Amino acid sequence: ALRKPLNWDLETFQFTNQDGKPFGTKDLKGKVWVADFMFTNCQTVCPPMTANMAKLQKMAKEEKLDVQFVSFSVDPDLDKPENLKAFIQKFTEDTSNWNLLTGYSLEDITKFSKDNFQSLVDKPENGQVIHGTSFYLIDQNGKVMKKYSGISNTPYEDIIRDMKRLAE
């Protein structure tokens, strides 16, 4: 069984993916998914985070786990769909189950990150947006259940275990 779940409520949302198509709760409700926050002009942790998410994607597929991946841009003023599409192509050849989202205001995503993921977003003068570095596991009921590091010793086996529990 899933131990010590977070049980965080998530608001209903509809954003735009890297193909310029609507995507959000409508698509995700009923699926197990993993979320992170990132931006394409990040000079530090976002590329390794994304590589880590790609490793998780590959491992989940190998285990025959049917899950979705979602990356929210925290720099929507710069990250349009074409930016996200070009960004993700470096890290994976599979986006059938990975949507990178944008299309909203910076204020919007700041509130969304605060209210749903208890994570501060703020864009300083140098443009290097402050945001959380966690991966979040969300269940079929649309609640956040687990948080893991996306950048430091990502616990791939723990995440896989938890996905297996949600699939049972």
# chains A, B, ... in the order shown; residues from 1 in each chain; ligands from 1

$ residues_around --residues "residue 1 (chain A)" --least-positions-apart "3" --cutoff "10 Å" --atoms "only C-alpha atoms" --output "JSON, numbers by chain"
{"A": [4, 161, 162, 164, 165, 166, 168]}

$ write_last_selection --atoms "N, CA, C and O atoms" --output "PDB file, in the first residue's frame"
ATOM      1  N   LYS A   4       1.874   7.016   3.873  1.00  0.00           N
ATOM      2  CA  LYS A   4       1.892   8.443   4.188  1.00  0.00           C
ATOM      3  C   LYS A   4       1.644   9.349   2.982  1.00  0.00           C
ATOM      4  O   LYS A   4       2.443  10.234   2.707  1.00  0.00           O
ATOM      5  N   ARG A 161       7.954   1.786  -7.345  1.00  0.00           N
ATOM      6  CA  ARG A 161       7.192   1.044  -6.337  1.00  0.00           C
ATOM      7  C   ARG A 161       5.838   1.710  -6.094  1.00  0.00           C
ATOM      8  O   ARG A 161       4.795   1.047  -6.051  1.00  0.00           O
ATOM      9  N   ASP A 162       5.864   3.019  -5.910  1.00  0.00           N
ATOM     10  CA  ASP A 162       4.636   3.763  -5.650  1.00  0.00           C
ATOM     11  C   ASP A 162       3.673   3.739  -6.849  1.00  0.00           C
ATOM     12  O   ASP A 162       2.451   3.626  -6.673  1.00  0.00           O
ATOM     13  N   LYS A 164       3.496   1.283  -8.969  1.00  0.00           N
ATOM     14  CA  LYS A 164       2.936  -0.060  -8.974  1.00  0.00           C
ATOM     15  C   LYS A 164       1.791  -0.184  -7.982  1.00  0.00           C
ATOM     16  O   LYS A 164       0.789  -0.816  -8.273  1.00  0.00           O
ATOM     17  N   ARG A 165       1.927   0.452  -6.823  1.00  0.00           N
ATOM     18  CA  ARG A 165       0.850   0.428  -5.842  1.00  0.00           C
ATOM     19  C   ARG A 165      -0.410   1.104  -6.396  1.00  0.00           C
ATOM     20  O   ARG A 165      -1.518   0.599  -6.209  1.00  0.00           O
ATOM     21  N   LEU A 166      -0.243   2.240  -7.067  1.00  0.00           N
ATOM     22  CA  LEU A 166      -1.391   2.960  -7.617  1.00  0.00           C
ATOM     23  C   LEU A 166      -2.073   2.185  -8.737  1.00  0.00           C
ATOM     24  O   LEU A 166      -3.273   2.344  -8.968  1.00  0.00           O
ATOM     25  N   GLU A 168      -2.387  -1.093  -8.798  1.00  0.00           N
ATOM     26  CA  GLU A 168      -3.027  -2.283  -8.248  1.00  0.00           C
ATOM     27  C   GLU A 168      -4.443  -1.984  -7.755  1.00  0.00           C
ATOM     28  O   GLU A 168      -5.340  -2.823  -7.851  1.00  0.00           O
TER      29      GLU A 168
END

$ select_by_dssp --residues "chain A" --states "helix (DSSP H, G or I)" --output "JSON, numbers by chain"
{"A": [25, 26, 27, 28, 46, 47, 48, 49, 50, 51, 52, 53, 54, 55, 56, 57, 58, 59, 60, 61, 62, 81, 82, 83, 84, 85, 86, 87, 88, 106, 107, 108, 109, 110, 111, 112, 113, 114, 115, 116, 117, 156, 157, 158, 159, 160, 161, 162, 163, 164, 165, 166, 167]}

$ residues_around --residues "region 141-149 of chain A" --least-positions-apart "5" --cutoff "7 Å" --atoms "only C-alpha atoms" --output "list in words"
residues 5, 6, 7, 8, 9, 10, 29, 30, 133, 134, 135, 136 and 154 of chain A

$ residues_around --residues "residue 15 (chain A)" --least-positions-apart "3" --cutoff "9 Å" --atoms "only C-alpha atoms" --output "JSON, numbers by chain"
{"A": [21, 22, 23, 24, 101, 102, 103, 104]}

$ atom_distance --atom1 "CA of residue 97 (chain A)" --atom2 "CA of residue 123 (chain A)"
28.7 Å

$ residues_around --residues "residue 131 (chain A)" --least-positions-apart "5" --cutoff "12 Å" --atoms "only C-alpha atoms" --output "ChimeraX atom specification"
/A:36-39,42,44-46,72-75,106,109-110,112-114,117-124

$ closest_residue --among "A:137, A:86, A:56, A:129" --to "residue 43 (chain A)" --atoms "only C-alpha atoms"
A:129

$ atom_distance --atom1 "CA of residue 59 (chain A)" --atom2 "CA of residue 100 (chain A)"
19.5 Å

$ atom_distance --atom1 "CA of residue 91 (chain A)" --atom2 "CA of residue 11 (chain A)"
28.9 Å

$ closest_residue --among "A:152, A:140, A:95, A:57" --to "residue 26 (chain A)" --atoms "only C-alpha atoms"
A:140

$ closest_residue --among "A:35, A:88, A:160, A:130" --to "residue 69 (chain A)" --atoms "only C-alpha atoms"
A:35

$ select_by_dssp --residues "region 5-116 of chain A" --states "strand (DSSP E or B)" --output "short mmCIF file (atom, residue, chain, number, x, y, z; two decimals) with N, CA, C and O atoms, in the first residue's frame"
data_model
loop_
_atom_site.label_atom_id
_atom_site.label_comp_id
_atom_site.auth_asym_id
_atom_site.auth_seq_id
_atom_site.Cartn_x
_atom_site.Cartn_y
_atom_site.Cartn_z
N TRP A 8 -2.89 16.00 -1.43
CA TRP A 8 -3.10 17.41 -1.77
C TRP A 8 -4.13 17.59 -2.87
O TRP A 8 -4.07 16.91 -3.90
N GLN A 14 -6.54 23.98 -17.54
CA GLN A 14 -6.42 23.71 -18.96
C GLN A 14 -5.36 24.64 -19.52
O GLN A 14 -5.59 25.84 -19.64
N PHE A 15 -4.20 24.09 -19.84
CA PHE A 15 -3.10 24.90 -20.35
C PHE A 15 -2.84 24.49 -21.79
O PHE A 15 -3.69 23.85 -22.42
N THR A 16 -1.69 24.86 -22.34
CA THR A 16 -1.35 24.54 -23.72
C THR A 16 -0.05 23.74 -23.75
O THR A 16 0.91 24.09 -23.06
N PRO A 22 -4.66 22.16 -26.32
CA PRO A 22 -5.11 22.20 -24.93
C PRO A 22 -4.78 20.91 -24.19
O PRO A 22 -4.93 19.82 -24.73
N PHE A 23 -4.35 21.05 -22.95
CA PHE A 23 -4.04 19.89 -22.13
C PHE A 23 -4.12 20.24 -20.66
O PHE A 23 -3.67 21.30 -20.23
N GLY A 24 -4.69 19.33 -19.88
CA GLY A 24 -4.70 19.50 -18.44
C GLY A 24 -5.56 18.46 -17.77
O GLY A 24 -5.57 17.29 -18.16
N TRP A 33 0.03 10.31 -12.94
CA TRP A 33 0.98 11.19 -13.58
C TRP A 33 2.01 11.78 -12.65
O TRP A 33 1.84 11.80 -11.43
N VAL A 34 3.11 12.21 -13.25
CA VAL A 34 4.22 12.81 -12.51
C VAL A 34 4.43 14.21 -13.04
O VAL A 34 4.50 14.42 -14.25
N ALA A 35 4.52 15.17 -12.13
CA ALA A 35 4.68 16.58 -12.49
C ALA A 35 6.02 17.15 -12.02
O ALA A 35 6.53 16.80 -10.94
N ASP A 36 6.59 18.04 -12.83
CA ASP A 36 7.64 18.93 -12.36
C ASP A 36 7.45 20.34 -12.92
O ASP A 36 6.57 20.58 -13.75
N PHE A 37 8.28 21.27 -12.43
CA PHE A 37 8.29 22.67 -12.84
C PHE A 37 9.67 23.00 -13.38
O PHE A 37 10.68 22.63 -12.77
N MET A 38 9.73 23.69 -14.51
CA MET A 38 11.01 23.98 -15.16
C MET A 38 10.87 25.14 -16.12
O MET A 38 9.79 25.71 -16.28
N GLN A 68 1.64 9.16 -17.10
CA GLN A 68 1.86 10.39 -17.85
C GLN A 68 2.89 11.27 -17.15
O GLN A 68 3.05 11.21 -15.94
N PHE A 69 3.57 12.08 -17.95
CA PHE A 69 4.53 13.05 -17.44
C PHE A 69 4.11 14.43 -17.87
O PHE A 69 3.68 14.63 -19.01
N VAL A 70 4.23 15.38 -16.94
CA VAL A 70 3.84 16.76 -17.19
C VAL A 70 4.89 17.68 -16.62
O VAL A 70 5.25 17.58 -15.46
N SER A 71 5.38 18.59 -17.46
CA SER A 71 6.31 19.63 -17.02
C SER A 71 5.66 20.99 -17.22
O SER A 71 5.31 21.34 -18.35
N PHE A 72 5.51 21.76 -16.15
CA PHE A 72 4.94 23.10 -16.25
C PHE A 72 6.05 24.11 -16.42
O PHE A 72 6.98 24.13 -15.60
N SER A 73 5.96 24.98 -17.42
CA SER A 73 6.93 26.07 -17.53
C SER A 73 6.67 27.15 -16.49
O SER A 73 5.53 27.62 -16.32
N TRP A 98 4.19 12.57 -22.56
CA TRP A 98 4.88 13.66 -21.88
C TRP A 98 4.45 14.98 -22.50
O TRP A 98 4.71 15.24 -23.68
N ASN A 99 3.77 15.79 -21.70
CA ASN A 99 3.32 17.10 -22.15
C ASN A 99 3.98 18.20 -21.34
O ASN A 99 4.03 18.13 -20.11
N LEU A 100 4.55 19.18 -22.04
CA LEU A 100 5.16 20.34 -21.41
C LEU A 100 4.20 21.50 -21.65
O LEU A 100 3.75 21.70 -22.78
N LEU A 101 3.88 22.23 -20.59
CA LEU A 101 2.76 23.16 -20.61
C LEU A 101 3.17 24.62 -20.43
O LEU A 101 4.16 24.94 -19.76
N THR A 102 2.38 25.50 -21.03
CA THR A 102 2.62 26.93 -20.98
C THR A 102 1.34 27.63 -21.43
O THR A 102 0.26 27.02 -21.43
#

$ closest_residue --among "A:138, A:156, A:115, A:92" --to "residue 25 (chain A)" --atoms "only C-alpha atoms"
A:138

$ residues_around --residues "residue 82 (chain A)" --least-positions-apart "4" --cutoff "9 Å" --atoms "only C-alpha atoms" --output "PDB file with C-alpha atoms, in the first residue's frame"
ATOM      1  CA  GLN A  18       4.317  21.838 -26.802  1.00  0.00           C
ATOM      2  CA  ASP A  19       2.146  21.225 -29.873  1.00  0.00           C
ATOM      3  CA  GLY A  20      -0.068  24.241 -29.164  1.00  0.00           C
ATOM      4  CA  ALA A  86      12.637  22.043 -29.143  1.00  0.00           C
ATOM      5  CA  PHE A  87      13.683  21.655 -25.508  1.00  0.00           C
TER       6      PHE A  87
END
